[PDB]
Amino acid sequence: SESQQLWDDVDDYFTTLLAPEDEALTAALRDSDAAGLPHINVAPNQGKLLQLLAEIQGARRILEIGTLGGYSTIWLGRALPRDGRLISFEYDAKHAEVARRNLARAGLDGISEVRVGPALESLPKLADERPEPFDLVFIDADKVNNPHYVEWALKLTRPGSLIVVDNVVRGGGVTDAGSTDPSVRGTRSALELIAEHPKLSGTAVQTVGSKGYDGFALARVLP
């Protein structure tokens, strides 16, 4: 609690100063909490980092795996130009209902879509539509399937596209080479895939904050 109080106080200062939440973001959380969604959305300073990475990259087209109530989706969508496109995948139809409402409130209903079903079914469907490549992929769903989502990202991106993977530390569980936890297995497999793959270059960072001890990975698709 001494640690967590300090991490809460520092994040409160950073968020209210640099990454303030407007009505669309606060109402998205309220509507998520009201609808029984687990409160596992990115922290606002993390949302702002996602938005800034999309902006720096010049992202026009964004793929997100794991919508929840569209809180991360509103952060990323706000990086996009008026003719941009964001596709988000969500397994739970009721999560998807909340997220669409939250995206419409933010004025992102024109450039965003939530596709319902297991992302490993939805990704091949999107691929069959032969879309223009995506500039940024945010992988934040069932971490067991992280290595499959990275493989799909490689098929749906181009040189200079970004891949962000949330929750890569798992309370410190990521170092256990003999884990029984499938979310650790998928996390380790995905990080090792980024390392080995000659078309990916990445880093990972341990974070603390209002969500506690965790971390994220950032990778670029190389030429």
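For every residue, the number given is its place in the sequence shown, counted from 1.
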Determine, for stretches 91-99 and 136-144, which one has the higher mean CA B-factor as deposited. 91-99
Name the higher of the two by mean Cα B-factor in the PDB entry, 63-71 versus 174-182. 174-182
Hey, out of 49, 35, 162, 43, whose CA B-factor is highest in the deposited coordinates? 35
Binned into thirds over the chain's modelled residues, the C-alpha B-factor of residue 221 lands in the middle
Of the three thirds of its chain by CA temperature factor, lowest, middle or highest, which one includes residue 108? highest
